[PDB]
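Chemist: Submitted below is the structure of interest, expressed as structure tokens.
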Amino acid sequence: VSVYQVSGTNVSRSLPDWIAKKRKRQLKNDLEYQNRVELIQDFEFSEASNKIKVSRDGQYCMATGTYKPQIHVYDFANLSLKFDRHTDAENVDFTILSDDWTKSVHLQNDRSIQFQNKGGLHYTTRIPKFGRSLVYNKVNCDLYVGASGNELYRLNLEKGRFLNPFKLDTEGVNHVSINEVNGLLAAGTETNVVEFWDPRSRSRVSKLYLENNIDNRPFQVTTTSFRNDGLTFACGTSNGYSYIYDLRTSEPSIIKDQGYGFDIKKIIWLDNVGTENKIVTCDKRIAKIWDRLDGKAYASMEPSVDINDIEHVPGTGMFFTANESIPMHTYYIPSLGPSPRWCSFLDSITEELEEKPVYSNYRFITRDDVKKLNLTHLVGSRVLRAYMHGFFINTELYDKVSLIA
Amino acid sequence: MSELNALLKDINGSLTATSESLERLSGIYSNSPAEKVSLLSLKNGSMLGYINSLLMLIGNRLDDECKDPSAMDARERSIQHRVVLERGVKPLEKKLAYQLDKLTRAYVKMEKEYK
Amino acid sequence: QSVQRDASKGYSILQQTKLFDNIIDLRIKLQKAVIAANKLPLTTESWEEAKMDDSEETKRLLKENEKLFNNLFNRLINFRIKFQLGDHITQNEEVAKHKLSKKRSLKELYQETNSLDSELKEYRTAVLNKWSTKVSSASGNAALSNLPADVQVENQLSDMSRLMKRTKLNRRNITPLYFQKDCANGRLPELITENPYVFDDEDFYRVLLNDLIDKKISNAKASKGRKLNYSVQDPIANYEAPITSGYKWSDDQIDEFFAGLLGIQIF
Amino acid sequence: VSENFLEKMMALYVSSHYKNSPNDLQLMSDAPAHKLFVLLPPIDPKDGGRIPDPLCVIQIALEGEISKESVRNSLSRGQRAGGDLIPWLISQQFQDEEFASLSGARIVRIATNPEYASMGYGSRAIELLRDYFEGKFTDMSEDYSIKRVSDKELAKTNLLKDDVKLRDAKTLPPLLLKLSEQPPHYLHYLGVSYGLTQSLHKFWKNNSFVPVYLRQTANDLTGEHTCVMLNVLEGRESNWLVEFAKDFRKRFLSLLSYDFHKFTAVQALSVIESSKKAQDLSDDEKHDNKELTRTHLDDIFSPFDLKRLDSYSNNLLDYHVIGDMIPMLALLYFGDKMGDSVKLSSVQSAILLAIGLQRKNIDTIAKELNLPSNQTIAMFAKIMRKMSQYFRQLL
Amino acid sequence: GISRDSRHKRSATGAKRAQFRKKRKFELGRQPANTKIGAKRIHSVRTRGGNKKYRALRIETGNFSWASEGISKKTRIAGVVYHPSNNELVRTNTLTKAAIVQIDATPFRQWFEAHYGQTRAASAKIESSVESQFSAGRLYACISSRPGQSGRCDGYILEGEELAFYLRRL
């Protein structure tokens, strides 16, 4: 499977991007600078990017930046930054209430929810405790704000009233998500449990305790995602383990582990692209596309810089990744789907594109974990292939040694 | 230190370790109407006999006289047990494997429901 | 009510499966004895010379070795009688109980081993025939009427010579103590790399270990908003309008579906 | 109790069918070859044996075991005997006498509750039905015939005094039998006949059936073409299915323009892919596709053709001028003579299939696939650039 | 939008003051400097006058001082453990002044071995807790700089009563 990095820094991981700008004046004579092409103008934050999401209409996109905390909105039709708007605080999460970019809500780091309209900031409200996630229920039009504390905050947009907060057994909500098929809400608690709540009433339908035989280390639910089918549900753990559940049954259908032991920042379900049985799990270092039914890895996304957020353009094969670098990266996988209407001629330059291609296939194990598993004797053998500070081992063998150890 | 001395010490460590673990296995079996699978009961008996035949080879060799260093009778007994396990029991339980897993899963769900 | 029999049957299956894991652990601990034993001398003179190297220490070790060996195998035979009794392998309960009570000598212990193997063989023929018939009927092979499993036991047991050679193969390249001296003196009639006197079950031991590894895997205050205010906030009043269409599923399906969230003779 | 269950079974059976006829009930009851299977929920012991409602009902018909002499006689006379639809149809469509002798079962009907549809019950029921005939349901527990009315009883009774009562409950077998209790009949294949649609065709694709025949004329009532699709059980020979699948493919590609041009490019690709899975079932290399030879390439295309092929890859030629080679290229690629060297995406294959085989215009493809026209042309150029390079590599 | 004016606040008596004038440039504020552990990222800020300020977005190394040994070494910052003001900063591993952090002991350990020739003895004697930290390999330190102003993450190794108090709090 050919993966193309259309936009993004193309320098080594060690080399910082801000030196790419100093060498820029030096290398302007180089032909490669003339040939390199940007997809949409002005895709960079002065320091870094936090979160990225695409409009339902598919003609606009909006992003948030570290400093000076800013909200770029880009129009796909005009390949340009529609406008930049600065915020009093760094953003944690946001949602677009409108079909277009006109209406949005932002949850900042200062414990306050920002209601941004097309003209400008409309109103500011401050929740009792710090929030980590934000989701909008279209049917009831109520905003639920994840919180560090037990309670889940409830704000009703129609009535302009803060309604009673749902109370959770365990403290700390990392991610909240809603199933549009059924209305069910899954809260990602700090403890290894996911609590499922009924929106119409105020009740917990059930609570799911996640179990990982491989690792006894405590893990936290970092992400939750529902399908448009209404039946299947995904969980991301702090240990880099992604669980896909058919919610009807308690057992996990498939357990896929990412490799680097990092938290799963986002899970995207590639139903719309075609070949619906595909799913994306994103970690700090790799975003992997793999098949729900077979568990086989299809394509791997390995940017030179840490990923903060990833978004998929519906009906197409691209992924917008909010990264720690100055420029945000845009990737293209032709096999998954076609380029959009707005990048009609991206295809023509696929040969000119970078065509970035082991690491995702195998398990990354640090030197300390090798000591823990008593695998020191295998160092230097073909079983353990050393990469950077860690030794790569097969996924099947890792479960073998872990259970024995 | 003579080579035999190192070897006999190794047997002594193996025999005592096996005996203590045999003590544990006998206790749990004694602790255990429930009817066992006749094939699976036989599978236990055949490979259990294989260990005795192996241990019989140990006994024949340990004797200083070594009237039967080849330990042919111990050889034949081990062969009969090994022969049945690999090709006799295995194909049958492979045919029965699907149904066996269903019942074990069926018990496990009940136990979780009870708890 | 049939669920209880199925669950109890699963318990019996589980109990047996654990018993294999315990007895294979017995085999694993005994493995170093087999490797060590294959390294022992083979003739009277070699054993005498081995003792002559350290007479006092060897005699003490030999006495302990004999004591531990006899105590262990007597306990094994006791387990064999009890194991073959509870599983209905042996039908004479009184004889089995008498054997358990009595203390047996090495020669007597050998008599029990010949016997216990004999009833096992008879039970072997009956069990293989029964299940082989059942699977044949279950798979439609009865309608067709791929040898019977018991017949396969007879055939490969008829091929004794081939499998004896398999045991005699020296894959580990074990050299028993004073092997060269016995070879030079012509004390080894059978020999006069494949060596008859060394036993090698490494593949069978490995296959059992791979199987054991395999099963384990498969089974495995109002200020700053700190207090809550429910009063109306005019700017956010009527910020959005609810969708009248509602969830794609019907309410009854959702209620059914949430309740299932995470758990004349008729028959 | 039996009548209530019979109603529930009929409720599910009728709902799946559009317009069911009363004649089928007589066919279900008296036809000997037919057997009925029902998917039921887990039975709560607390309910005291109350029958649970059926989720999925499968009607199968045992077909095959036909004498070779009868087949040749029937084939020579062109007369179709009643029943055994699949054995006859494939026999006429392949003139293979050995197949008719093979024992098989046709899945007459599968019905799932519309409220519970798409949940996977239909697939799950087939999985066990496949497993059952495979013999995996061996008995775990350490007769079902009913005595018929004897001739002695018939002679001794008078019309006026006759007592016609329901058969005694004791004599009757149980209504529902566990799979382990009843032994299955030895079968070689499982067959399905249905009207080919995207949702339905995908269903048996996931159930590992292999298409062998598609009916050329569309059914008047539905406008749909009948499809017969087969699955071979483990422990049984699979070579015949592979040969049929290969022959069907060559039949399928050629006929795309004639009558199947209406079909979407995705579906034609889907039909081809389902057959291609059949060769993956066969691990044997005895039957394999042959790579195009240099001599064969020369016969198919002249040197002027190959230069004309090269120029449009270099963009020195227009799209129209290369219209000549497109159908042969599609046949060669989908014939797999192209080989592992040149592989294409699902989108690219759909584009190449239709123009090469459906003969559709490039603009038509853009509308069907919801792409711009120019993108489709750009995709088409890249596809041929790959094929041009391989020809250079061969040369 | 950030302002440091006291006019918007209510009077000591509680009276709600009215707006006197439009908000002025000279009484403004800048956005918070949420420094975090990572590859070095800093940008300058133009302040009143020609003076500049350095904003520490990301920093993974800092010059930490062993005051008792009277030395300073540049060490990688491991992670934040305790911040007296707010624990969310600890959870987010946000770097600010007074934050308690964990640092590598490799340079300090090599320094101790190099001078004292020990892994003379009386001088080489150190507090038991600090030696235990050496054994662990990670040292507790307190940030004495303001990364959001100077762009530096300097600190000093906790010792004595400070070390005991912060261990108790931990």
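As a convention, Cβ positions derive from the backbone with ideal geometry for all residues, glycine included, and neighbour counts pool all protein chains shown. Each value in this text was obtained by applying a stated rule to the coordinates, not by laboratory testing.
Chemist: Counting only residues that are crowded, with 23+ Cβ neighbours inside 10 Å and assigned to a loop (DSSP other than H, G, I, E, B), how many does the range A:184-203 have?
Modeler: 1
Chemist: Let me ask something else. Could we say that A:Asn50 is of a type outside the set (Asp, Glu) and in a loop (DSSP other than H, G, I, E, B) here?
Modeler: no
Chemist: Further question on the same structure: Run E:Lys73 past the list (1) farther than 13 Å from E:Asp154 by Cα; (2) part of a strand (DSSP E or B) and report the number of the one that doesn't hold.
Modeler: If we test E:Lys73 against (1) farther than 13 Å from E:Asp154 by Cα; (2) part of a strand (DSSP E or B), just (1) comes out false.
Chemist: If the Cβ limit is 9 Å and pairs must be 6+ apart or interchain, which residue in the range C:247-267 that is within 17 Å of A:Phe233 (Cα to Cα) pairs with which residue that is assigned to a loop (DSSP other than H, G, I, E, B) and among the basic types (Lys, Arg)?
Modeler: Here the result reads C:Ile254/A:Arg200; C:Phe257/A:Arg248; C:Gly260/A:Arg248; C:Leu261/A:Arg248; C:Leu262/A:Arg248; C:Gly263/A:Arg248, each pair linking the range C:247-267 to a residue that is assigned to a loop (DSSP other than H, G, I, E, B) and among the basic types (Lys, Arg).
Chemist: Every residue in the range A:236-254 that is farther than 24 Å from A:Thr321 by Cα and surrounded by fewer than 21 Cβ atoms within 10 Å (Cβ to Cβ), please.
Modeler: A:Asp246, A:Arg248, A:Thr249, A:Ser250, A:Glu251, A:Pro252, A:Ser253, A:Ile254
Chemist: Within the set of pairs 6+ apart or on separate chains, which have a first residue in the range D:304-328 that is more than 16 Å from D:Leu395 (Cα to Cα), a second that is polar (S, T, N, Q), and C-beta atoms under 6 Å apart?
Modeler: Note: pairs meeting the criteria are D:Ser313/D:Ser388; D:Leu317/D:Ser311.
Chemist: Also: Which members of the range B:58-78 meet the condition of being under 18 Å from the mean Cα position of the chain (by Cα) and within 15 Å of C:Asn70 (Cβ to Cβ)?
Modeler: Matches in the range B:58-78: B:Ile58, B:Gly59.
Chemist: What single numbered condition from (1) crowded, with 20+ Cβ neighbours inside 10 Å; (2) more than 10 Å from chain C (Cβ to nearest Cβ); (3) touching a helix residue (DSSP H, G or I) at 6+ places or on another chain (Cβ under 8 Å) fails to hold for A:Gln116?
Modeler: (3)
Chemist: Separate question: Among the residues of the range D:166-190, write down those that are more than 7 Å from every other protein chain (Cβ to nearest Cβ), closer than 25 Å to D:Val108 by Cβ and part of a loop (DSSP other than H, G, I, E, B).
Modeler: D:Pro173, D:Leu177, D:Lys178, D:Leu179, D:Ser180, D:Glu181, D:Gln182, D:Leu187, D:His188
Yes/no per residue for (1) in a helix (DSSP H, G or I); (2) within 19 Å of D:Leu176 (Cβ to Cβ):
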residue	(1), (2)
D:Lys19	no, no
D:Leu25	yes, no
D:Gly49	no, yes
D:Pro52	no, yes
D:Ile60	no, yes
D:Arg72	yes, no
D:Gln92	yes, no
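Chemist: Residues that are crowded, with 16+ Cβ neighbours inside 10 Å, of a type in the set (S, T, N, Q) and more than 7 Å from chain C (Cβ to nearest Cβ), at least 1 per element: which helices (runs of 4 or more DSSP H) completely within chain B meet that?
Modeler: Answer list for chain B: B:38-62, B:72-83, B:90-114.
Chemist: For the structure I just gave you, tell me whether D:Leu269 is over 27 Å from D:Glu134 (Cα atoms), in a loop (DSSP other than H, G, I, E, B) and of a type in the set (A, V, I, L, M, F, W, C).
Modeler: no
Chemist: Check off (1) within 14 Å of chain C (Cβ to nearest Cβ); (2) buried (at least 18 other Cβ atoms within 10 Å of the Cβ); (3) among the polar types (S, T, N, Q) for A:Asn164 and give me the number that stays unchecked.
Modeler: Failed condition: (2).
Chemist: So, in the range D:29-47, of the ones that are among the small types (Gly, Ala, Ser) and part of a loop (DSSP other than H, G, I, E, B), which residue ends up nearest to D:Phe5 (Cα to Cα)?
Modeler: The extreme case among them is D:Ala31.
Chemist: OK, next. Would the range C:236-251 turn up any residue that is within 30 Å of B:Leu55 (Cβ to Cβ), out of contact with any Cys (no Cβ under 6 Å at 6 or more places or on another chain) and either more than 14 Å from chain A (Cβ to nearest Cβ) or polar (S, T, N, Q) (or both)?
Modeler: Applying the first criterion (within 30 Å of B:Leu55 (Cβ to Cβ)) to the range C:236-251 yields none.
No, the range C:236-251 contains no residue that is within 30 Å of B:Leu55 (Cβ to Cβ), out of contact with any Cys (no Cβ under 6 Å at 6 or more places or on another chain) and either more than 14 Å from chain A (Cβ to nearest Cβ) or polar (S, T, N, Q) (or both).
Chemist: May I pose another question? Return yes or no: is A:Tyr331 of a type outside the set (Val, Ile, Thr), in a strand (DSSP E or B) and under 19 Å from A:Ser242 (Cβ atoms)?
Modeler: no
Chemist: Which residues, counting only those in the range D:236-266, are under 27 Å from D:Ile355 (Cβ atoms), in a helix (DSSP H, G or I) and not hydrophobic (A, V, I, L, M, F, W, C)?
Modeler: If the condition is that a residue be under 27 Å from D:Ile355 (Cβ atoms), in a helix (DSSP H, G or I) and not hydrophobic (A, V, I, L, M, F, W, C), then D:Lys246, D:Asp247, D:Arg249, D:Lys250, D:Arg251, D:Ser254, D:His261, D:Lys262 are the ones that fit.
Chemist: Can you tell me how many residues within the range D:15-49 are within 14 Å of another protein chain (Cβ to nearest Cβ) and of a type in the set (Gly, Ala, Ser)?
Modeler: Summing the residues that are within 14 Å of another protein chain (Cβ to nearest Cβ) and of a type in the set (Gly, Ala, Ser) in the range D:15-49 gives 2.
Chemist: For A:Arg132, are the conditions met, namely being more than 7 Å from every other protein chain (Cβ to nearest Cβ), among the basic types (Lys, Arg) and not in a loop (DSSP other than H, G, I, E, B)?
Modeler: no
Yes or no, residue by residue, for (1) within 14 Å of chain A (Cβ to nearest Cβ); (2) aliphatic (A, V, I, L, M); (3) outside any helix (DSSP H, G or I):
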residue: D:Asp305; (1), (2), (3): no, no, no
residue: D:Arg308; (1), (2), (3): no, no, no
residue: D:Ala330; (1), (2), (3): no, yes, no
residue: D:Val347; (1), (2), (3): yes, yes, no
residue: D:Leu353; (1), (2), (3): no, yes, no
residue: D:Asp363; (1), (2), (3): no, no, no
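Chemist: Exactly one of (1) over 18 Å from A:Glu90 (Cβ atoms); (2) under 16 Å from the mean Cα position of the chain (by Cα); (3) within 14 Å of another protein chain (Cβ to nearest Cβ) is unmet by E:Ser44. Its number?
Modeler: (2)
Chemist: Moving to a separate point now. So, of the residues in the range E:24-57 that are within 15 Å of E:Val101 (Cα to Cα) and not hydrophobic (A, V, I, L, M, F, W, C), which turns out to be surrounded by the most Cβ atoms within 10 Å (Cβ to Cβ)?
Modeler: E:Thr35
Chemist: E:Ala18 passes all but one of (1) more than 23 Å from E:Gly137 (Cβ to Cβ); (2) of a type in the set (A, V, I, L, M, F, W, C); (3) in contact with a helix residue (DSSP H, G or I) (Cβ under 9 Å, 6 or more places away or on another chain); which number fails?
Modeler: (3)
Chemist: Still on this structure, I have one more. I'd like to know if the range A:95-102 contains one or more residues that are part of a strand (DSSP E or B), in contact with a strand residue (DSSP E or B) (Cβ under 9 Å, 6 or more places away or on another chain) and crowded, with 18+ Cβ neighbours inside 10 Å.
Modeler: No, the range A:95-102 contains no residue that is part of a strand (DSSP E or B), in contact with a strand residue (DSSP E or B) (Cβ under 9 Å, 6 or more places away or on another chain) and crowded, with 18+ Cβ neighbours inside 10 Å.
Chemist: Could you list, in sequence order, all residues of the range A:292-334 that are aromatic (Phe, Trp, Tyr) and crowded, with 20+ Cβ neighbours inside 10 Å?
Modeler: Once the filter is applied, which keeps residues that are aromatic (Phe, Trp, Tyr) and crowded, with 20+ Cβ neighbours inside 10 Å, the range A:292-334 yields A:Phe319, A:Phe320, A:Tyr331, A:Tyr332.
Residue-by-condition table, conditions (1) under 24 Å from the mean Cα position of the chain (by Cα); (2) at the interface with chain B (Cβ under 7 Å from one of its Cβ atoms):
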residue	(1), (2)
C:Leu19	yes, yes
C:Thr44	no, yes
C:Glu56	no, no
C:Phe73	yes, yes
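Chemist: Moving on to the next point. Listed residues A:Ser360, A:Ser402; which is more than 24 Å from the chain's Cα centre (by Cα) and of a type in the set (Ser, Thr, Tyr)?
Modeler: The unique qualifying residue is A:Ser402.
Chemist: Condition test on D:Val271, is it crowded, with 18+ Cβ neighbours inside 10 Å, touching a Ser or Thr at 6+ places or on another chain (Cβ under 7 Å) and β-branched (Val, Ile, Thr)?
Modeler: Spelling it out, it is not the case that D:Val271 is crowded, with 18+ Cβ neighbours inside 10 Å, touching a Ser or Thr at 6+ places or on another chain (Cβ under 7 Å) and β-branched (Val, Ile, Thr).
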